[PDB]
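Following: one structure in structure tokens, then a few remarks.
Residue numbers (UniProt numbering), protein chains in the order written: chain A, 395 to 443; chain B, 395 to 443; chain C, 1181 to 1229; chain D, 1328 to 1376.
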């Protein structure tokens, strides 16, 4: 058996010159929004918040 | 032990008829902001400022 | 707890959960005081950054 | 010359697509390296020779 440790963030900010690179994403881009959660992928590939 | 020199500029300013080539980047297209830094990739692939 | 403005570019690369890299193997052998200077001092900017 | 993207987007566009990256955008610019050795560039899981 081999043990690992998994570093993981949640709930940050980004600096003032906000940018993008994505071609296809529509709704999210408002600057007034703030993310309060992050999603992970489990062993059985089920996303949890 | 072969020793190579390198260079890169920082803090420049493009001329007046500003142009575009890419199709992805959105948020930096204002003519007011100016870069005061450059990002150079380290040996272990970690982008320093 | 971790500030709102910690940079995301720290998070794509494998590192330590504290803000300072804690690799002591690089330090001098049988030197306890020189090994503490990696962890806690701030006159010495990071062994990573 | 080395990699030197004057903003965080340009280095994250040269990673995402080697061909259609902008050498010079409206505000910032990029220097694609012409070096005697040529490395791998692992930023996450996207690799550019």
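Where a beta carbon is used, it is the ideal one built from N, C-alpha and C, also for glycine.
Chain C residues whose Cβ lies nearer than 9 Å to that of residue i
i: residue 441 of chain A; result: Chain C residues near residue 441 of chain A: none, gap ~19 Å exceeds 9 Å.
CB contact flag (residue i, residue j, <7 Å)
i: residue 1337 of chain D; j: residue 1375 of chain D; result: no
i: residue 1349 of chain D; j: residue 424 of chain B; result: no
i: residue 1189 of chain C; j: residue 1196 of chain C; result: no
i: residue 402 of chain B; j: residue 1347 of chain D; result: no
i: residue 1369 of chain D; j: residue 439 of chain B; result: yes
i: residue 1354 of chain D; j: residue 419 of chain B; result: no
i: residue 1198 of chain C; j: residue 1226 of chain C; result: no
i: residue 1352 of chain D; j: residue 429 of chain B; result: no
Burial state of residue i (16 or more Cβ within 10 Å)
i: residue 426 of chain B; result: exposed
i: residue 433 of chain B; result: buried
i: residue 1388 of chain D; result: Any answer about residue 1388 of chain D is impossible in this case: the structure gives chain D only from 1328 up to 1376.
i: residue 1340 of chain D; result: buried
Contact list for residue i against chain D, beta-carbon separation under 7 Å
i: residue 435 of chain B; result: 1330 and 1368
Proximal chain A residues relative to residue i, where beta-carbon distance stays under 8 Å
i: residue 1188 of chain C; result: 403, 406 and 408
Alpha helix (DSSP H) runs wholly inside the region 398-424 of chain A, at least 4 long, in chain order: Listed in chain order, nothing qualifies, since the region 398-424 of chain A has no complete alpha helix (DSSP H) run of 4 or more residues.
Members of the region 401-416 of chain A that neighbour chain C once the beta carbon cut-off is set at 9 Å: For the region 401-416 of chain A, the residues whose beta carbon sits under 9 Å from a beta carbon of chain C are, in order, 401, 402, 403, 405, 406, 407, 408 and 409.
Note down, in chain order, all residues in the region 1349-1360 of chain D with a beta-carbon under 7 Å from any beta-carbon belonging to chain A. Hits within the stretch: zero.
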